[PDB]
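Chemist: To be precise about what I am sending: the file is called input16.cif and holds mmCIF, C-alpha atoms.
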```
data_model
#
loop_
_atom_site.label_atom_id
_atom_site.label_comp_id
_atom_site.auth_asym_id
_atom_site.auth_seq_id
_atom_site.Cartn_x
_atom_site.Cartn_y
_atom_site.Cartn_z
CA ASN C 23 0.00 0.00 0.00
CA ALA C 24 2.85 2.48 0.87
CA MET C 25 4.10 4.83 -1.75
CA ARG C 26 7.11 3.76 -3.77
CA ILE C 27 10.03 5.73 -5.18
CA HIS C 28 9.58 4.39 -8.70
CA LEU C 29 10.57 7.39 -10.80
CA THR C 30 13.15 10.16 -11.10
CA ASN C 31 13.76 12.66 -13.90
CA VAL C 32 16.31 14.68 -15.78
CA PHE C 33 15.37 17.52 -18.10
CA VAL C 34 17.05 17.06 -21.47
CA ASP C 35 17.29 19.49 -24.32
CA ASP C 36 16.73 16.89 -27.12
CA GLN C 37 15.22 13.46 -26.32
CA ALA C 38 16.85 11.70 -29.28
CA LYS C 39 20.26 12.92 -28.18
CA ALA C 40 19.45 11.90 -24.61
CA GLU C 41 18.33 8.40 -25.64
CA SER C 42 21.61 7.96 -27.56
CA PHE C 43 23.75 9.23 -24.66
CA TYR C 44 22.04 7.60 -21.71
CA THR C 45 21.80 4.21 -23.43
CA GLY C 46 24.84 4.27 -25.71
CA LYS C 47 27.36 5.77 -23.31
CA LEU C 48 26.03 5.43 -19.77
CA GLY C 49 24.60 1.92 -20.34
CA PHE C 50 20.99 2.39 -19.35
CA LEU C 51 18.30 0.38 -21.15
CA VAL C 52 15.10 1.81 -22.64
CA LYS C 53 12.11 0.79 -20.49
CA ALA C 54 9.27 2.78 -21.98
CA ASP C 55 9.06 4.89 -25.15
CA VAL C 56 5.55 6.11 -25.86
CA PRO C 57 4.42 9.12 -27.87
CA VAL C 58 2.59 11.82 -26.04
CA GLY C 59 1.78 14.66 -28.39
CA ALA C 60 4.99 15.85 -30.10
CA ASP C 61 7.29 14.47 -27.41
CA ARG C 62 7.77 11.12 -25.81
CA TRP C 63 7.38 9.54 -22.48
CA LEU C 64 10.84 8.03 -22.42
CA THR C 65 12.23 6.20 -19.45
CA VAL C 66 15.38 4.16 -18.92
CA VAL C 67 16.47 1.66 -16.25
CA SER C 68 19.75 0.21 -14.99
CA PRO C 69 20.56 -3.24 -16.41
CA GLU C 70 21.20 -4.36 -12.80
CA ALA C 71 17.58 -3.40 -11.95
CA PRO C 72 15.26 -3.52 -14.99
CA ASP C 73 12.12 -3.61 -12.86
CA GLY C 74 13.39 -1.00 -10.40
CA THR C 75 13.37 2.79 -10.43
CA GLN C 76 13.00 4.41 -13.83
CA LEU C 77 14.68 7.61 -15.08
CA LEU C 78 12.47 9.86 -17.21
CA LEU C 79 14.35 11.78 -19.91
CA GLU C 80 11.93 14.66 -20.22
CA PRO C 81 11.78 17.69 -22.49
CA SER C 82 13.01 21.11 -21.32
CA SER C 83 10.38 23.15 -23.17
CA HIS C 84 8.77 24.71 -20.10
CA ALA C 85 10.03 28.30 -19.84
CA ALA C 86 11.48 27.88 -16.33
CA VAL C 87 13.50 24.74 -17.05
CA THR C 88 16.47 25.84 -19.14
CA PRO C 89 17.29 28.84 -16.89
CA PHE C 90 17.32 26.50 -13.90
CA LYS C 91 19.55 23.96 -15.67
CA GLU C 92 21.93 26.67 -16.74
CA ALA C 93 22.21 27.96 -13.21
CA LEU C 94 23.07 24.54 -11.87
CA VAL C 95 25.74 23.94 -14.52
CA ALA C 96 27.26 27.43 -13.96
CA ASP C 97 27.86 26.50 -10.30
CA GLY C 98 29.02 22.90 -11.00
CA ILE C 99 25.93 21.45 -9.43
CA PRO C 100 24.73 18.06 -10.74
CA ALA C 101 21.11 17.54 -11.68
CA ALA C 102 21.22 13.92 -10.73
CA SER C 103 23.50 11.33 -9.14
CA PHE C 104 24.00 7.56 -9.93
CA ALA C 105 25.78 4.94 -7.88
CA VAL C 106 28.59 2.70 -9.10
CA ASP C 107 30.69 -0.03 -7.46
CA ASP C 108 34.05 1.11 -9.01
CA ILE C 109 34.20 4.77 -10.02
CA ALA C 110 37.78 4.52 -11.27
CA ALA C 111 36.77 1.80 -13.71
CA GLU C 112 33.68 3.64 -14.81
CA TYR C 113 35.55 6.97 -15.25
CA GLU C 114 38.01 5.11 -17.45
CA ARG C 115 35.29 3.35 -19.45
CA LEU C 116 33.22 6.44 -20.02
CA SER C 117 36.28 8.59 -20.81
CA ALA C 118 37.21 6.01 -23.46
CA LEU C 119 33.74 6.46 -25.04
CA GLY C 120 34.34 10.23 -25.29
CA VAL C 121 32.30 11.31 -22.26
CA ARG C 122 33.42 14.65 -20.91
CA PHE C 123 34.17 14.93 -17.18
CA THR C 124 34.16 18.27 -15.33
CA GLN C 125 35.38 16.57 -12.14
CA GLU C 126 37.63 13.51 -12.07
CA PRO C 127 37.10 10.86 -9.33
CA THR C 128 37.74 12.65 -6.07
CA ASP C 129 37.76 11.33 -2.54
CA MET C 130 35.09 13.27 -0.55
CA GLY C 131 35.36 11.28 2.69
CA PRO C 132 32.39 8.88 2.88
CA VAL C 133 32.07 8.86 -0.94
CA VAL C 134 34.28 9.16 -3.98
CA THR C 135 32.57 11.25 -6.68
CA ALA C 136 33.01 12.29 -10.33
CA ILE C 137 30.99 14.72 -12.46
CA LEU C 138 30.21 14.33 -16.15
CA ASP C 139 28.48 16.39 -18.89
CA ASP C 140 25.42 14.53 -20.25
CA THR C 141 25.49 16.61 -23.51
CA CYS C 142 21.86 17.52 -22.78
CA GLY C 143 22.36 20.58 -20.51
CA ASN C 144 23.08 18.71 -17.22
CA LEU C 145 26.00 17.69 -15.06
CA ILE C 146 25.61 14.16 -13.71
CA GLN C 147 27.32 12.86 -10.62
CA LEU C 148 28.76 9.38 -10.16
CA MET C 149 29.05 8.28 -6.55
CA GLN C 150 31.07 5.35 -5.34
CA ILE C 151 28.88 2.98 -3.44
CA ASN J 23 29.46 -2.53 -12.36
CA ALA J 24 26.59 -0.63 -14.16
CA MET J 25 25.33 2.57 -12.72
CA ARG J 26 22.32 2.40 -10.43
CA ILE J 27 19.38 4.75 -9.94
CA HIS J 28 19.84 4.96 -6.18
CA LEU J 29 18.83 8.55 -5.48
CA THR J 30 16.23 11.19 -6.33
CA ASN J 31 15.59 14.60 -4.79
CA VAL J 32 13.03 17.19 -3.89
CA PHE J 33 13.95 20.74 -2.92
CA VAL J 34 12.27 21.67 0.35
CA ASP J 35 12.01 25.05 1.96
CA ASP J 36 12.59 23.82 5.58
CA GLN J 37 14.12 20.37 6.24
CA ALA J 38 12.50 19.96 9.66
CA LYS J 39 9.07 20.60 8.17
CA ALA J 40 9.90 18.22 5.32
CA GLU J 41 11.03 15.45 7.68
CA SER J 42 7.76 15.81 9.61
CA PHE J 43 5.61 15.78 6.46
CA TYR J 44 7.34 13.10 4.42
CA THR J 45 7.60 10.70 7.36
CA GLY J 46 4.55 11.67 9.43
CA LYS J 47 2.02 12.05 6.63
CA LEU J 48 3.37 10.31 3.53
CA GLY J 49 4.82 7.34 5.48
CA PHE J 50 8.43 7.39 4.38
CA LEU J 51 11.13 6.30 6.84
CA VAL J 52 14.31 8.24 7.61
CA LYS J 53 17.31 6.45 6.06
CA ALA J 54 20.14 8.89 6.61
CA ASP J 55 20.33 12.11 8.64
CA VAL J 56 23.83 13.53 8.80
CA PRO J 57 24.94 17.10 9.41
CA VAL J 58 26.76 18.84 6.63
CA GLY J 59 27.54 22.39 7.63
CA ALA J 60 24.33 24.15 8.71
CA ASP J 61 22.04 21.78 6.82
CA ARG J 62 21.58 18.07 6.72
CA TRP J 63 21.99 15.28 4.32
CA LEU J 64 18.54 13.85 4.88
CA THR J 65 17.16 10.96 2.91
CA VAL J 66 14.02 8.86 3.26
CA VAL J 67 12.95 5.49 1.84
CA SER J 68 9.68 3.63 1.28
CA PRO J 69 8.90 1.05 3.98
CA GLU J 70 8.26 -1.44 1.14
CA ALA J 71 11.88 -0.89 -0.03
CA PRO J 72 14.20 0.25 2.79
CA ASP J 73 17.34 -0.67 0.88
CA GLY J 74 16.06 0.70 -2.43
CA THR J 75 16.05 4.18 -3.95
CA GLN J 76 16.41 7.04 -1.50
CA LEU J 77 14.71 10.46 -1.65
CA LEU J 78 16.90 13.39 -0.62
CA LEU J 79 15.01 16.24 1.06
CA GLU J 80 17.41 19.01 0.17
CA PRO J 81 17.54 22.70 1.01
CA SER J 82 16.28 25.34 -1.44
CA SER J 83 18.90 27.98 -0.58
CA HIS J 84 20.51 28.17 -4.02
CA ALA J 85 19.22 31.33 -5.72
CA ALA J 86 17.78 29.51 -8.75
CA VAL J 87 15.78 26.92 -6.81
CA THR J 88 12.80 28.75 -5.35
CA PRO J 89 11.96 30.58 -8.63
CA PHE J 90 11.95 27.23 -10.41
CA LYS J 91 9.73 25.61 -7.75
CA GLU J 92 7.34 28.51 -7.87
CA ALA J 93 7.06 28.24 -11.62
CA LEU J 94 6.21 24.57 -11.46
CA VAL J 95 3.55 25.09 -8.79
CA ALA J 96 2.00 28.03 -10.72
CA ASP J 97 1.41 25.69 -13.68
CA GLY J 98 0.28 22.68 -11.57
CA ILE J 99 3.38 20.74 -12.42
CA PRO J 100 4.59 18.18 -9.85
CA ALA J 101 8.22 18.11 -8.79
CA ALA J 102 8.14 14.42 -8.19
CA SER J 103 5.87 11.39 -8.58
CA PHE J 104 5.40 8.27 -6.32
CA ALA J 105 3.64 5.03 -7.14
CA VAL J 106 0.83 3.45 -5.10
CA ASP J 107 -1.24 0.29 -5.49
CA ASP J 108 -4.61 1.93 -4.54
CA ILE J 109 -4.79 5.69 -5.10
CA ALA J 110 -8.36 5.94 -3.84
CA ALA J 111 -7.34 4.46 -0.51
CA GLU J 112 -4.26 6.61 -0.26
CA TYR J 113 -6.15 9.82 -1.21
CA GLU J 114 -8.61 8.99 1.56
CA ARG J 115 -5.89 8.21 4.10
CA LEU J 116 -3.83 11.28 3.36
CA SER J 117 -6.90 13.55 3.21
CA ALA J 118 -7.82 12.26 6.68
CA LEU J 119 -4.36 13.34 7.94
CA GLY J 120 -4.98 16.88 6.64
CA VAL J 121 -2.94 16.65 3.42
CA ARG J 122 -4.09 19.15 0.84
CA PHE J 123 -4.83 17.88 -2.68
CA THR J 124 -4.84 20.18 -5.73
CA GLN J 125 -6.05 17.32 -7.95
CA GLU J 126 -8.27 14.48 -6.77
CA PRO J 127 -7.73 10.95 -8.20
CA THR J 128 -8.37 11.26 -11.90
CA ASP J 129 -8.38 8.62 -14.59
CA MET J 130 -5.72 9.60 -17.21
CA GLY J 131 -5.97 6.46 -19.35
CA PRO J 132 -2.99 4.21 -18.56
CA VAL J 133 -2.67 5.75 -15.06
CA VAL J 134 -4.88 7.25 -12.40
CA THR J 135 -3.19 10.26 -10.78
CA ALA J 136 -3.64 12.69 -7.87
CA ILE J 137 -1.64 15.79 -6.91
CA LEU J 138 -0.86 16.94 -3.38
CA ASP J 139 0.85 19.95 -1.72
CA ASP J 140 3.92 18.82 0.27
CA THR J 141 3.83 22.04 2.41
CA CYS J 142 7.45 22.60 1.36
CA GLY J 143 6.94 24.47 -1.96
CA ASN J 144 6.23 21.42 -4.20
CA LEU J 145 3.33 19.59 -5.76
CA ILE J 146 3.73 15.82 -5.55
CA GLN J 147 2.04 13.37 -7.85
CA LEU J 148 0.62 9.99 -6.85
CA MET J 149 0.34 7.51 -9.70
CA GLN J 150 -1.65 4.33 -9.61
CA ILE J 151 0.55 1.41 -10.39
#
```
Take the structure in the file and give it back as structure tokens.
Modeler:
Amino acid sequence: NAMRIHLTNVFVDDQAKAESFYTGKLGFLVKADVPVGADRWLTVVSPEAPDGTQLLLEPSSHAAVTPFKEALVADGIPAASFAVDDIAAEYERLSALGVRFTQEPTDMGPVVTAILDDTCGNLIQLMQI
Amino acid sequence: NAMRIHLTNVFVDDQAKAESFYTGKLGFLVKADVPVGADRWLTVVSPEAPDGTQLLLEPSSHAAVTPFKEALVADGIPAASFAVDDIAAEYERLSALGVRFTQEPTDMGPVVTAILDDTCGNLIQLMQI
């Protein structure tokens, strides 16, 4: 009966670019892709958890969205954060695929973090867990 | 090795209010509460999934945050969405606890949805799944 944390979102500038990046580079799998007017309801999931939480790659067409995204990026603030077992390995893999990092893996005490550019107007944090 | 969708966030005006609301009304459990400078790293989890995805109840002190939140609320747009098995039941339970709804349970085709005020500057969607 309790409510579940089943969905999270990132606002992307171009959903086709986002699909390509999030699946092709980051390794997410498409879960749902359904048309809804001129855009899509597009979600992806981790291969480790295909029936778990979904990430919605949603359009940034609302007037307040892009200014907000830009403000976050200007201050180095990530829009979202994903967990990995070995951040060194993943930094190396993603770098090899031509992903741009704004922050290399850095020991922050309880977590080691890295920050990457999603190409879609967001910074994305990797967190070692 | 793959990245996991382990965390999502809502920006709250007052973390103590948010803790009280999200746990006391919505039924989430506190997972982590750790001081970090003058604020907290505060996450909650669903009782159904205590080791699953965490929701971070984070401060809205960055200058771009509150304007963004206000814009979403002005257009009826929810900041986050949670899944429930029986939205009628949950609407009734939450209403009884004095939660304010801006949209009653409404059949949207593939999903039935409702929208509530979190007291913290956000609208929150319930989705029947």
Chemist: So, with all atoms listed in the file as the atoms that count, which of C:104, C:54, C:87, C:149 lies closest to residue 26 (chain J)?
Modeler: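 Closest candidate: C:104.
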Chemist: Name the residues in contact with residue 112 (chain J) at a cut-off of 9 Å, using only C-alpha atoms, excluding same-chain residues fewer than 6 positions from it; report them as JSON, numbers by chain.
Modeler: {"C": [23, 24, 25], "J": [106, 148]}
Chemist: On this structure, the PyMOL selection byres ((chain C) within 10 of (chain J)) would catch which residues? List them as a PyMOL selection string, sorted by chain and number.
Modeler: chain C and resi 23-31+48-50+66-71+74-77+84-94+97+101-109+111-112+148-151
Chemist: Please return as a list in words every residue within 6 Å of (-7.1, 9.7, -6.5), taking into account only C-alpha atoms and the file's own coordinates.
Modeler: residues 109, 110, 113, 126, 127, 128, 135 and 136 of chain J
Chemist: Can you measure CA of residue 81 (chain C) to CA of residue 117 (chain C) for me? One decimal in Å is fine.
Modeler: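 CA of residue 117 (chain C) lies at a distance of 26.2 Å from CA of residue 81 (chain C).
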Chemist: As an exercise, work out the distance from CA of residue 52 (chain J) to CA of residue 146 (chain C) in Å and give it to one decimal place.
Modeler: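 Between CA of residue 52 (chain J) and CA of residue 146 (chain C) the gap works out to 24.8 Å.
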Chemist: Taking all atoms listed in the file into account, name the residue in C:39, C:59, C:32, C:119 that is nearest to residue 145 (chain C).
Modeler: C:32
Chemist: Give me the residues near residue 35 (chain C) as a PyMOL selection string, where near means some atom within 8 Å (using only C-alpha atoms) and where sequence neighbours in that chain fewer than 3 positions away do not count.
Modeler: chain C and resi 40+81-83+142-143
Chemist: Write out as number ranges by chain the residues lying within 12 Å of residue 141 (chain J), counting all atoms listed in the file and excluding same-chain residues fewer than 3 positions away.
Modeler: J: 33-44, 47-48, 95, 120-123, 138, 144-146
Chemist: If you measure from CA of residue 116 (chain C) to CA of residue 55 (chain C), what distance in Å do you get, rounded to one decimal?
Modeler: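 Interatomic distance, CA of residue 116 (chain C) to CA of residue 55 (chain C): 24.7 Å.
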